[PDB]
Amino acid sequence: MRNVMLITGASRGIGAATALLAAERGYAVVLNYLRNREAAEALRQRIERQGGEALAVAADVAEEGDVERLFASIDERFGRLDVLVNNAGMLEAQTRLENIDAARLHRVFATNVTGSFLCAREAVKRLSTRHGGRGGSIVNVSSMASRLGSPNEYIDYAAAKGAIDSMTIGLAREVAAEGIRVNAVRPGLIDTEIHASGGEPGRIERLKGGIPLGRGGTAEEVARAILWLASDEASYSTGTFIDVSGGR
């Protein structure tokens, strides 16, 4: 009876905040993770102990076979799907483009772009009115990097997010007639572990004087925008974006 939401990369950061908020709003939640099983299981436990429904599933979204298995686990546990949040994403050490090699480009596009395509594909196969579904929504997680370009940091990642923006528009226009809305959020500088993963734990503090609102954002702020776009309150919005960037 609950609507079912898959959040890719739900073990930490924005995905974890989105999973907890979705459970508070009455969704059954699928928490996908890769390298942080214990973090995902702790979130599952928090949701279940409070009377909610949650399923934690390891899957590398870059890997077609893992994505197939992830969605098969959803089919088995819940037998339906209503929302996909394409949140899993990653970046590598800050760099100039002249030091980005093909292996890095493959890894960065594989997680951020291919993974979002593959999960969107399997979600369409469950949500679409062509295929036994009731319709639903997809929310992609982009980045202000798509607009700003991440110079001297990670133009590869900025390009991956530009790809997400175009996929959001194309897929929205492609599956509108099948009951599926597709939108994206573009977070700005949000306090998660991702900045440290690029080599700069203090990135927000360095940049905050230039953010119009004068502070970094929170994972919970992003989660609220994701949930709004996934909800029926956004019933006439498809192919659009909510920037969650404090004016950046």
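Position 1 is the first residue in the sequence shown; the rest follow in order.
Compare the mean C-alpha B-factor of 136-144 with that of 121-129 as given in the PDB entry, and name the stretch with the higher value.
Per the deposited B-factors, the answer is 121-129.
Pick between 216-224 and 34-42: the one whose mean CA B-factor in the entry is higher.
Looking at the record's C-alpha B-factors, the answer is 34-42.
Highest Cα B-factor in the PDB entry belongs to which of 180, 196, 47, 190?
The listed residue with the largest C-alpha B-factor is 47.
Maximum C-alpha temperature factor, selected from 104, 173, 80, 161:
Answer for 104, 173, 80, 161: 80, with the highest C-alpha B-factor.
Position of residue 20 among the chain's modelled residues by C-alpha B-factor, lowest, middle or highest third
Answer is highest: the recorded C-alpha B-factor places it there.
Rank-wise, by C-alpha B-factor, drop residue 72 into the lowest, middle or highest third of its chain.
Its C-alpha B-factor belongs to the highest third of this chain's values.
Looking at the C-alpha B-factor of residue 202, is it in the lowest, middle or highest third of its chain?
Ranked within chain, residue 202 CA B lands in the middle tercile.
Relative C-alpha B-factor of residue 184, binned into the chain's lowest, middle or highest third:
Lowest third - that is where residue 184 ends up once the chain's C-alpha B-factors are sorted.
Per the entry's values, where does residue 1 land by CA temperature factor relative to the rest of its chain, in the lowest, middle or highest third?
Top third by C-alpha B-factor.
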